[PDB]
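> After the structure tokens below, expect a handful of questions from me.
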2 protein chains.
Amino acid sequence: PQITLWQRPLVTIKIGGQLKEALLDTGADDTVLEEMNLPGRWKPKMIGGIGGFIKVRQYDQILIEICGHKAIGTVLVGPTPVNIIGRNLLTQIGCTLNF
Amino acid sequence: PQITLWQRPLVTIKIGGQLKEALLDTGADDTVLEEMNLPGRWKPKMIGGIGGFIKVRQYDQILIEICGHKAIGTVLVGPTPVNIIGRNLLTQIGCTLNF
Ligand SMILES: O=C(N[C@H]1c2ccccc2C[C@H]1O)[C@H](OCc1ccccc1)[C@H](O)[C@@H](O)[C@@H](OCc1ccccc1)C(=O)N[C@H]1c2ccccc2C[C@H]1O
């Protein structure tokens with residue numbers, strides 16, 4: 001599909017059987033979701049954006065479904081204000097920026 | 001032009017006769033640039049990101065060239081980690097997300 005940017009580019013994602021809303025963020029290197037439970041072991045990590053840094057938990061090889069497209073990659077979980085789908089997963093679904 | 005996301009979507013922008021590098025960010029509602037000098041009066045604004053809020057200066061009707069495409073709009077200036085081209089200007093150059 002082609003997403004215009006008059007409004008925030010929010011889409012529905014499926015992860016861990018749960019359905020959620022998330023923002024397609026080309027400015028985010030990684031993907032970070034609000035506090036939730038995921039399987040496997042995790043690694044602590046600090047990520048910084050506008051405003052400073054936050055502590056998140058890193059999970060690897062997590063399967064996410066974005067608008068029907070399956071994608072695999074690292075998923076961070078932490079006190080983020082909104083769910084964010086970063087570049088690490090946007091590339092997997094063939095997402096691009098077009099002027 | 002089509003831009004993949006395997007790397008940060010960095011482009012060159014021209015503002016105040018100067019060349020700068022900035023990030024095309026669909027996750028940013030507004031455009032914020034690192035500390036610099038702009039003409040006219042400014043208004044105060046608070047923007048919230050991943051790690052909290054920051055205070056920025058708001059300038060209106062600023063001319064800015066993004067990859068050869070001229071745009072005129074609101075530009076914010078403050079302690080941002082990188083120069084950011086947000087949705088307010090991305091829509092002016094007809095930028096869309098595609099997959
Ligand atoms: O933090 C970032 N990346 C980092 C990131 C994110 C997730 C995981 C890892 C990493 C590392 C780094 O790439 C990106 O910034 C550039 C950036 C790049 C590199 C280093 C630092 C910053 C994001 O795309 C932010 O732009 C955007 O974040 C999503 C968000 C939307 C709405 C509300 C709260 C948060 C955000 O903060 N948006 C707000 C904003 C921004 C500018 C002007 C106005 C407004 C209002 C609101 O829309």
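Each chain in the structure tokens gets a letter, A, B, ..., in the order shown, and its residues are numbered from 1; ligands are numbered from 1 in order too.
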Pick out the chain B residues within 9 Å of chain A. Count only C-alpha atoms. Give them as a PyMOL selection string.

chain B and resi 1-9+23-29+47-54+79-82+84+87-88+90-91+93-99

> I'd like to know which residues of chain A are alpha helix (DSSP H) (by DSSP, run on the backbone); could you write them as JSON, numbers by chain?

{"A": [87, 88, 89, 90]}

> Since we have the selection now, will you write its residues out, keeping N, CA and C atoms, as a compact mmCIF listing (two decimals), in the first residue's frame?


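Saved as selection_39.txt:
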# COMPACT_ATOMS: atom_id res chain seq x y z
N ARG A 87 13.45 0.73 11.50
CA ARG A 87 14.08 0.27 10.26
C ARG A 87 14.44 -1.21 10.20
N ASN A 88 14.84 -1.80 11.33
CA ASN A 88 15.22 -3.21 11.34
C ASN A 88 14.09 -4.13 10.85
N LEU A 89 12.84 -3.70 11.02
CA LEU A 89 11.71 -4.51 10.55
C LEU A 89 11.06 -3.93 9.29
N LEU A 90 11.17 -2.62 9.08
CA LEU A 90 10.59 -2.00 7.89
C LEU A 90 11.25 -2.50 6.61

> So which residues touch stretch 33-44 of chain A within 6 Å, counting only C-alpha atoms, skipping near sequence neighbours fewer than 4 positions away, as a count of residues only?

8

> Could you find all residues in stretch 11-81 of chain B that DSSP calls strand (DSSP E) from the backbone, and write them as a ChimeraX atom specification?

/B:11-15,18-24,32-33,43-48,53-66,69-77
